[PDB]
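Undergrad:
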Amino acid sequence: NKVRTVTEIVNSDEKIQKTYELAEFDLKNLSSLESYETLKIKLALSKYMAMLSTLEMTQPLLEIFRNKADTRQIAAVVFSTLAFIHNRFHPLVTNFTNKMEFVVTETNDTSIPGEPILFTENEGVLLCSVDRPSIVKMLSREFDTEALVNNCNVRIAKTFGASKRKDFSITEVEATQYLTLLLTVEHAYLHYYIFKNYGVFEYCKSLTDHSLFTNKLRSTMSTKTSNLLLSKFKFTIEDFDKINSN
Amino acid sequence: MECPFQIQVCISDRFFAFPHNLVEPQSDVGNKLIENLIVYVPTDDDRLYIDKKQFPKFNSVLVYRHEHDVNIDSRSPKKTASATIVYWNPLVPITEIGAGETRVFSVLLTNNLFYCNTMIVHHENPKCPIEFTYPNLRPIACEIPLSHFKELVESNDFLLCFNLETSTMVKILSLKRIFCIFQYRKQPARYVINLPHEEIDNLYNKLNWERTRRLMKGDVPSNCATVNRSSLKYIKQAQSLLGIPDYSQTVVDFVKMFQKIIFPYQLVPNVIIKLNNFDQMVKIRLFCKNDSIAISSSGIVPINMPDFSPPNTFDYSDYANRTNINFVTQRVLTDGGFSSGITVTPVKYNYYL
Amino acid sequence: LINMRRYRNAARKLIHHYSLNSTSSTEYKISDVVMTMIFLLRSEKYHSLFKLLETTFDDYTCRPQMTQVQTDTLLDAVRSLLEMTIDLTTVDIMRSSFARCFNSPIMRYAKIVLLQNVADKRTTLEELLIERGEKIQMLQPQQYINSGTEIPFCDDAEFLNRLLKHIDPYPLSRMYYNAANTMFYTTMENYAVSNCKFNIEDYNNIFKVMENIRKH
Amino acid sequence: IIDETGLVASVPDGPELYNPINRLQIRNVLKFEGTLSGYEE
Amino acid sequence: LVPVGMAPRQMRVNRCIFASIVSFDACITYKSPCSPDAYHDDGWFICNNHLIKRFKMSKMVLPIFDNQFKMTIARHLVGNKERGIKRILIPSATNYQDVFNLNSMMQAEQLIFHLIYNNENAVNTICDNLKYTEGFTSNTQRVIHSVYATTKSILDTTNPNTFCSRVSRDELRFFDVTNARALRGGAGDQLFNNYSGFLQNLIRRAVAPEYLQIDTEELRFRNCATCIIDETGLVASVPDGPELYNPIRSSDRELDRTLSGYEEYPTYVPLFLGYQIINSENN
Ligand SMILES: [Zn+2]
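Protein chains in written order, with the deposited numbering: chain A, 7 to 156, 161 to 176, 198 to 277; chain L, 1 to 135, 162 to 308, 320 to 390; chain C, 113 to 196, 200 to 234, 238 to 334; chain N, 233 to 253, 264 to 276, 284 to 290; chain H, 3 to 67, 71 to 257, 279 to 309.
What follows is the structure in structure tokens.
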């Protein structure tokens with residue numbers, strides 16, 4: 007809210023009182039935090055793009071996922087993303103230990119809605135199932151590069171305080208594609224983490240209801256690991272209450 | 001652009017060096033020859049290559065750097081009956097004329113002289129130089171080729187340099203003179219132009235237009251052409267893909283390699299197609326002696342017929358239809374187990390199948 | 113006469129939204145629906161799609177029957193309109212969405228709904247899990263990597279800085295919105311095609327979990 | 233062999249004895275999961 | 003992949019040749035010391051550190067003018086009492102092998118020197134020895150090729166412009182003692198010609214002319230020459246007599283009461299030698 011300060015000389019009683027409104031410092035703090043988080047997320051995204059480049063695949067991401075024949079590259083990209091997320095949670099880890107299998111489904115009767123990437127052991131080693139058609143559909147869905155997204163007082167204050175500044200094939204569309212892939216693989220990684228550390232039955236229960244994620248993860252994630260990418264924003268379904276009533 | 005008939009222009013590669021012998025006094029209305037000669041040159045340094053002693057016909061000889069006189073309209077230049085006026089490789093409009101006919105000698109043929117009525121074109125047997133783009163070269167001050175004349179006629183690896191403030195027209199004239207010297211070289215000479223690629227491309231375009239003007243004036247065709255930078259890059263890529271060392275293979279020979287295919291397979295080599303496309307951005322057709330048909334980028338065409346047959350010549354509806362196209366594409370996708378990157382197109386046909 | 117170009121633009125935007133082919137969200141109105149239908153009627157190219165949608169004016173709880181040629185023509189028309200790829204599944208999605216819109220009454224407020232009635239038997243998430251998992255276990259790994267390995271991190275800090283500069287003008291808010299809605303719509307399509315109820319509650323529970331982890 | 237040049241891994245005569253000897267990559271990805286192995290070397 | 007097909011990217015580039023020095027023994031890690039100045043896109047193709055270490059020279063700027074033009078210039082690090090070989094500021098192609106202790110420094114730097122100085126025989130000798138030394142094929146070959154390619158790229162960047170400058174009419178430079186009535190000047194221009202193109206560029210960037218005629222105006226920066234050139238190369242010697250005192254105050279009470287904040291003339295000895303001529307500004 008507000009505070010005030012009083013200046014006074016030791017030998018004198020003439021005191022000068024000033025008042026401060028903390029809203030200004032609140033704006034400073036909020037702007038600093040927003041900038042810091044934006045920088046962190048952009049750094050992570052750039053790092054992801056850079057390692058994918060390091061793999062040195064000729065085609066762009068969407069073309070790669072469209073090329074059904076080259077399962078090799080799909081598996082490479084998926085594993086690299088999964089390992090990147092794993093390290094982002096455990097920076098000291100740079101490999102994945104146990105070897106990994108991969109399969110690329112091609113039909114609805116082979117895919118599971120809501121979990122394009124999933125895991126299942128063959129009783130000896132873990133296999134990652136990929137819904138390449140779903141990946142292609144997501145990355146191909148037309149994106150909005152125009153509309154903006156969003161207290162009016164602090165909004166205006168930020169508008170008037172913060173400033174603005176007026198050879199890569201990447202547009203905002205490709206950045207969005209990369210972010211979507213990262214988020215999907217992050218969701219899959221959370222499922223896999225719950226699996227590995229709580230058993231296949233717990234993994235199935237999580238698939239049924241993600242809410243268990245709360246405890247099964249926050250026990251370790253919020254404390255020791257970098258926050259989830261989604262943590263950058265609070266997400267919600269438009270007209271959620273009426274939709275639920277429906 | 002208009003020119004006064006009083007000017008007579010002679011174009012010859014030889015004019016890279018001034019033709020002292022060809023100069024002759026002009027006569028006035030009274031048929032009195034003028035013993036005063038005025039020689040105009042594009043740059044001051046050029047004066048040093050004009051030997052006044054080589055003008056016995058005249059009694060006084062003066063040399064000056066021709067400069068655009070903004071106060072005189074070239075459509076009607078001032079006349080000076082007191083002297084015979086000769087211009088050597090002019091780069092700016094002639095604002096002054098001499099008694100009788102004002103003589104001009106040039107290795108270049110710019111628009112200014114292009115409309116000139118009297119045009120004498122000297123013909124030469126072509127002799128091409130070698131483009132040797134590469135980062162033991164002999165530097166050459168292009169602004170003053172005659173100074174390096176001995177080296178230009180002896181050595182075969184030249185680094186063409188220019189002063190920073192050299193003008194574009196000066197550059198063009200220097201390059202033309204050097205290329206004439208190479209045209210008279212018995213042995214083709216390799217050269218490298220120490221200039222930005224875009225500047226070199228513009229210079230080549232202007233030289234090509236000059237050669238076109240000479241042809242339109244009746245010059246003999248010369249195979250000693252030049253290649254735009256994009257075309258050179260494409261040729262280099264092709265050579266690298268084939269595993270051909272660039273220094274080992276010359277572009278001309280590289281292209282000639284496919285003449286064995288041109289006629290016998292009656293097909294236009296893709297290299298020639300790409301070069302033609304580059305030039306267009308800056320169609321093909323050919324035949325053989327006694328040949329009844331012409332090979333073109335479009336395929337076989339009856340000689341003298343348009344590049345495309347009448348639209349209704351062939352009916353493609355049977356397969357040139359969405360149903361057939363989709364059927365074939367789906368069959369390909371299924372058989373190859375593909376999901377993208379597949380594209381099938383109906384095949385159209387020109388005059389002949 | 114009519115501004116066929118404006119009609120076409122409105123039709124394209126409405127079709128994109130109703131086919132979930134664009135994360136872009138904007139207001140739509142009966143004016144837009146009329147634009148769309150008039151454009152479809154006027155266009156010789158799209159007569160088949162016009163007929164399809166017009167059939168929605170009836171009970172609309174029916175599966176149109178088309179020859180293979182008809183289906184191919186319709187898909188070609190739609191793909192040419194949206195310039196993409201597509202599927203008869205998207206065709207059915209548009210049919211259902213437009214039928215719901217046409218049957219809906221004129222209202223002072225927009226109606227927010229969920230995709231449904233796409234591709238008869240209602241299946242639960244548990245049944246889908248069992249069946250899909252069995253089929254997956256039947257499937258065999260197309261490819262694999264060995265144990266260990268090493269994540270191929272980039273090294274060129276200059277390259278990283280160049281990429282950072284290249285991405286700076288991208289608003290994280292817009293990118294997040296686009297990605298989240300892409301995933302949500304693809305999940306919606308999968309559920310509707312599978313004829314399995316979409317668990318809005320769990321989908322939102324995902325973000326609930328995100329917040330609960332963040333707060334700690 | 234030992235001579236003025238020193239110690240040499242050469243033969244007294246005839247030809248020389250036969251003496252033979264992670265950065266995840268795209269090639270490092272293996273394909274589908276699927284000869285005197287029983288004798289010592 | 004992220005970047006457009008090819009599309010050569012644009013970034014800064016370390017320019018000093020010696021930045022490429024690396025231990026051919028991959029099992030031995032080495033870092034060369036480079037002054038940050040190396041990352042300035044200027045005529046200098048050697049960083050301050052290498053310059054001082056190998057040539058005994060320090061960079062410096064000379065304001066020139071209305072519009073204040075900055076002319077590059079180097080200065081002596083040579084002490085007053087140094088003699089003989091120590092006075093060779095930049096050795097010639099006939100003496101660099103001796104002035105520079107090839108034995109005492111790394112093979113990569115020896116190759117760099119035999120490249121700068123046009124010593125193809127030595128370059129070939131080093132290349133063949135490295136071919137038949139250590140695990141050449143594994144990574145030493147690639148490292149050597151990288152170093153050689155970098156050096157050759159720098160030299161190919163420099164030499165064409167150097168030759169164009171040599172034959173240039175508008176810009177003329179004459180590295181000799183402008184006091185023609187002197188004996189320590191000699192055919193300085195001939196010796197400069199003997200130098201390599203890249204070495205010639207370095208000399209141009211380092212040694213300022215005693216006089217400078219711009220169009221019609223001449224500026225005399227010195228009434229004397231602070232260095233000379235002979236067969237040995239660039240020599241930090243006074244052409245007329247006693248050497249100039251070089252305190253070297255850094256790097257390798280009443281007086282101050284009066285001399286508080288107070289303009290002080292530096293004791294440095296810049297490089298002034300020869301005549302330079304230019305038409306227009308070209309700046
Ligand atoms: Zn350095």
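For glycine and all other residues, C-beta sits at the position ideal for the given N, C-alpha and C.
Specify which residues have a beta carbon nearer than 6 Å to any heavy atom of ligand 1, listing them in chain order.
TA: Result (chain order): H:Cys18, H:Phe20, H:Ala21, H:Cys36, H:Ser37, H:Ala40, H:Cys49, H:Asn51 and H:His52.
Undergrad: Nearest to residue 476 (chain L) by CA position, among L:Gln306, L:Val63, L:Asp305 and L:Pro295, is which residue?
TA: Any property of residue 476 (chain L) remains undetermined from this structure, which presents chain L solely from 1 to 390.
Undergrad: Tell me which same chain residues have a C-beta within less than 6 Å of the C-beta of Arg92 (chain H), skipping the five on either side of it?
TA: Here the set comprises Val240, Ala241 and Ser242.
Undergrad: Alpha carbons only, please: which of A:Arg138, A:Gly130 and A:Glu121 is nearest the one belonging to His218 (chain A)?
TA: If we check each option's Cα against that of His218 (chain A), A:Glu121 comes out closest.
Undergrad: List the residues of chain A whose Cβ lies closer than 8 Å to the Cβ of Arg147 (chain H), in chain order.
TA: Going along chain A, no residue has its Cβ under 8 Å from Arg147 (chain H), so there is no contact; the nearest lies around 17 Å.
Undergrad: Could you check the C-alpha separation between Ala298 (chain C) and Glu112 (chain A) for me, to the nearest Å?
TA: Cα to Cα, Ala298 (chain C) sits roughly 23 Å from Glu112 (chain A).
Undergrad: Any beta carbon from chain N within less than 7 Å of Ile254 (chain C)'s own beta carbon?
TA: No, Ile254 (chain C) does not count as interfacial toward chain N.
Undergrad: Assign residue 144 (chain L) to buried or exposed, taking buried as 16 or more other Cβ atoms, counted over all protein chains shown, within 10 Å of its Cβ.
TA: Coordinates for residue 144 (chain L) are lacking, as chain L steps from 135 to 162 with nothing built in between.
Undergrad: Consider the Cβ of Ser377 (chain L): report whether some Cβ of chain A lies at a distance smaller than 7 Å.
TA: Output row for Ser377 (chain L): interface = yes.
Undergrad: Closest to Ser22 (chain H) by C-alpha separation, out of H:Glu139, H:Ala98, H:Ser158 and H:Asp43, would be which residue?
TA: When only C-alpha atoms are compared, the closest one is H:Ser158.
Undergrad: For the alpha helix (DSSP H) holding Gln306 (chain L), just list the boundary residues, first then last.
TA: Per DSSP, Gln306 (chain L) belongs to the alpha helix (DSSP H) from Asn296 to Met307.
Undergrad: Looking at the C-beta of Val4 (chain H), does it have a partner C-beta in chain A at a distance below 7 Å?
TA: Yes, contact with chain A.
Undergrad: Can you check whether the C-beta of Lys143 (chain A) is within less than 7 Å of a C-beta belonging to chain L?
TA: By this cut-off, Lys143 (chain A) is not an interface position.
Undergrad: With a floor of 3 residues, list each beta strand (DSSP E) that falls wholly inside the region 172-239 of chain H, ordered by position along the chain.
TA: Runs found: 177-179, 216-219, 222-225 and 233-235.
Undergrad: Can you name the residues of chain H whose CB is closer than 7 Å to the CB of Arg191 (chain C)?
TA: Within 7 Å Cβ-Cβ: nothing; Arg191 (chain C) doesn't reach chain H, min ~27 Å.
Undergrad: By Cβ distance below 7 Å, which residues in the same chain neighbour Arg164 (chain L) in space, the five residues on each side in sequence not counted?
TA: Counting only Cβ-Cβ distances below 7 Å, and skipping sequence neighbours, we find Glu177, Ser181, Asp183, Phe184 and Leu185.
Undergrad: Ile268 (chain N) versus chain A: which residues are under 9 Å apart at the beta carbon?
TA: The contacting residues are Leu61, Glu62, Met63, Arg78, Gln79 and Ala82.
Undergrad: Can you find at least 3 beta carbon pairs, one from the region 85-102 of chain A and one from the region 258-277 of chain C, that sit closer than 8 Å?
TA: The region 85-102 of chain A, when compared against the region 258-277 of chain C, does touch it at the 8 Å Cβ threshold.
Undergrad: Sort H:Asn164, H:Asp133 and H:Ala9 by Cα distance to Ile149 (chain H) and report the nearest one.
TA: If we check each option's Cα against that of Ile149 (chain H), H:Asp133 comes out closest.
Undergrad: Which residues bound the alpha helix (DSSP H) around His81 (chain H)?
TA: From DSSP, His81 (chain H) is part of no alpha helix (DSSP H) but of the beta strand (DSSP E) over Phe74 to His81.
Undergrad: Residues of chain H with a CB under 8 Å from the CB of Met55 (chain A): which are they?
TA: Near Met55 (chain A) (Cβ distances below 8 Å), the residues of chain H are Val4.
Undergrad: Within 7 Å of any Cβ in chain C, is that where the Cβ of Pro66 (chain A) sits?
TA: Closer than 7 Å: no.
Undergrad: By the criterion of Cβ-Cβ separation under 8 Å, what are the contact partners of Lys74 (chain A) in chain L?
TA: The answer, in chain order, is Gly374, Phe375, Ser376 and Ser377.
Undergrad: Tell me which residues of the region 283-294 of chain C have at least one Cβ-Cβ distance to chain A shorter than 9 Å, keeping chain order.
TA: Residues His284, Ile285, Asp286, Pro287, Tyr288, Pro289, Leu290, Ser291, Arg292, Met293 and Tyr294.
Undergrad: If distances are taken between C-alpha atoms only, which option among L:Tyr49, L:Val39, L:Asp46 and L:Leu48 comes closest to residue 153 (chain L)?
TA: In the model as presented, chain L runs from 135 straight to 162, which leaves residue 153 (chain L) without coordinates.
Undergrad: Decide if the region 247-255 of chain A is in contact with the region 79-94 of chain L; the criterion is three or more beta carbon pairs, one per stretch, under 8 Å apart.
TA: At 8 Å Cβ cutoff, the stretches do not touch.
Undergrad: Which residues in chain L sit within 9 Å of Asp144 (chain C), going by Cβ to Cβ distance?
TA: Chain L residues near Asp144 (chain C): none, gap ~29 Å exceeds 9 Å.
Undergrad: Any chance you could list the alpha helix (DSSP H) runs of at least 4 consecutive residues sitting entirely within the region 71-146 of chain H, in chain order?
TA: Entirely contained in the region 71-146 of chain H, the alpha helix (DSSP H) runs reaching 4 residues are, in chain order, 101-104, 112-121 and 125-136.
Undergrad: Under 8 Å by Cβ, that's how I've got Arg211 (chain L) and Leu109 (chain L) pegged, so tell me the actual separation to the nearest angstrom.
TA: Contact doesn't hold; Cβ gap of about 22 Å is too wide.
Undergrad: Measure the alpha-carbon distance for residue 196 (chain A) versus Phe264 (chain A) and round it to whole angstroms.
TA: Not modelled: residue 196 (chain A), which lies between 176 and 198, the two residues flanking a gap in chain A.
Undergrad: Are there three or more Cβ pairs, one per stretch, closer than 8 Å when the region 42-49 of chain H is compared with the region 195-207 of chain H?
TA: Enough Cβ pairs lie closer than 8 Å, so yes.
Undergrad: Considering only C-alpha positions, which residue in the set H:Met62, H:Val104 and H:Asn85 is nearest to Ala79 (chain H)?
TA: The option with the nearest alpha carbon to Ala79 (chain H) is H:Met62.
Undergrad: Are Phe298 (chain H) and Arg227 (chain H) close, meaning C-beta to C-beta below 7 Å?
TA: Yes. Within cutoff.
Undergrad: Within 7 Å of any Cβ in chain C, is that where the Cβ of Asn303 (chain L) sits?
TA: For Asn303 (chain L), the answer is no, since every Cβ of chain C falls outside 7 Å of its Cβ.
Undergrad: Do you know how far the Cα of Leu49 (chain A) is from the Cα of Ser276 (chain A)?
TA: Spanning the two alpha carbons is a distance of roughly 41 Å.
Undergrad: I'd like the list of long-range same chain contacts for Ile66 (chain H), defined as Cβ closer than 6 Å, with 5 residues on each side in sequence excluded.
TA: Correct list, in chain order: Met76.
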